[PDB]
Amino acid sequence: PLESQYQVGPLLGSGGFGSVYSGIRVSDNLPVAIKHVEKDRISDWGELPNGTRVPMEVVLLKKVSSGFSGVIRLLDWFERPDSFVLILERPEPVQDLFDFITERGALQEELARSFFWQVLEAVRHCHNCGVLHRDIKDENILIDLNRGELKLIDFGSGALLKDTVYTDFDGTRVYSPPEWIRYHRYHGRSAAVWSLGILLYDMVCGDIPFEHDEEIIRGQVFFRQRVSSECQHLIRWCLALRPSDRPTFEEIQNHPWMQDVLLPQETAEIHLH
């Protein structure tokens, strides 16, 4: 009954993830996003408790969707002969962080601190639920403009979190760590911290630090606008070439730069309204 349960609105975007449309749940007028993924384009499959074979994203979103978190919720899913359709939460009004940075430029540090903090909390939640995102980036963060609340999207490159080495990767290369580039090997948490360093740089500078593999491997960061000494230190720590030299999530959240974070509502009042 997909076609009767949802009224389809405009296409929001398309890309490697599939095609995502604005929609409304007709029963209660709930705003949703409707994500279509072609079966031929799914490399990574999971299985539900009842035996049903599904995209990994469905498995991972179910693992994280219990209680509140900074993760966009899976509301329902449908199988068609050549595709899966996922029904996702849709804040309104909303803008992805890539579009936000593109429009507004480099973020003020107070704003970046609030956003970065919320991303860390959401990533911690995923990890606590046994899920590794593997594609943390501005394009995969939604901002609820009224509430100042950030939500993670697109678990299509994700995996079950494990303590042994990953030798597969299908996330975004420019957010991928040097050990992936050089050895095609990474561990989950330390690779996540690398991507968070890329993200933080992106927030405070308005662009990502590395384009080419050679730049990633060299790992040297330069600043084109004024960024505080403490923020620069945190970025450079997250981007340590050796995975063991990177901070843990606890170390990031205890860093001097991360102190005195604004709550989401205050963040929206100051920066978004």
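Whichever C-alpha set is largest while still superposing within 1.5 Å between the two forms counts as the rigid core. Numbers follow the displayed sequence, beginning with 1.
**Student:** Of the stretches 225 to 233 and 63 to 71, which sits farther from where it is here in 4 other deposited structures of this protein, on average over its Cα atoms, after fitting the core?
**Tutor:** Once the core is superposed, the stretch further away in 4 other deposited structures of this protein is 63 to 71.
**Student:** C-alpha RMS from this form in 4 other deposited structures of this protein, rigid core superposed: larger for 258 to 266 or 11 to 19?
**Tutor:** When 258 to 266 and 11 to 19 are compared in 4 other deposited structures of this protein, 11 to 19 lies farther out.
**Student:** Would you mind comparing 116 to 124 and 101 to 109 for me and telling me which has the higher average C-alpha temperature factor in the entry?
**Tutor:** Between 101 to 109 and 116 to 124, it is 101 to 109 that shows the higher mean C-alpha B-factor.
**Student:** When the Cα temperature factors in the entry are averaged, is it 192 to 200 or 179 to 187 that ends up higher?
**Tutor:** Between 179 to 187 and 192 to 200, it is 179 to 187.
**Student:** Hey, out of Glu139, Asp168, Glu149, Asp154, whose CA B-factor is highest in the deposited coordinates?
**Tutor:** By C-alpha B-factor in the record, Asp168 ranks first.
**Student:** Split into thirds by Cα B-factor across the chain's modelled residues, where does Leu263 land: lowest, middle or highest?
**Tutor:** It falls in the top third of the chain.
**Student:** Looking at the temperature factor on the CA atom of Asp40, which third of the chain's modelled residues does it land in?
**Tutor:** Top third by C-alpha B-factor.
**Student:** Considering only modelled residues of the same chain, in which third does the CA B-factor of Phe222 rank: lowest, middle or highest?
**Tutor:** Its C-alpha B-factor belongs to the middle third of this chain's values.
**Student:** Sorting by Cα B-factor within the chain, modelled residues only, which third would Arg90 end up in: lowest, middle or highest?
**Tutor:** CA B-factor rank for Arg90: middle third.
**Student:** Please say which third, lowest, middle or highest, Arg242 falls into when its CA temperature factor is compared across its chain.
**Tutor:** Its C-alpha B-factor belongs to the middle third of this chain's values.
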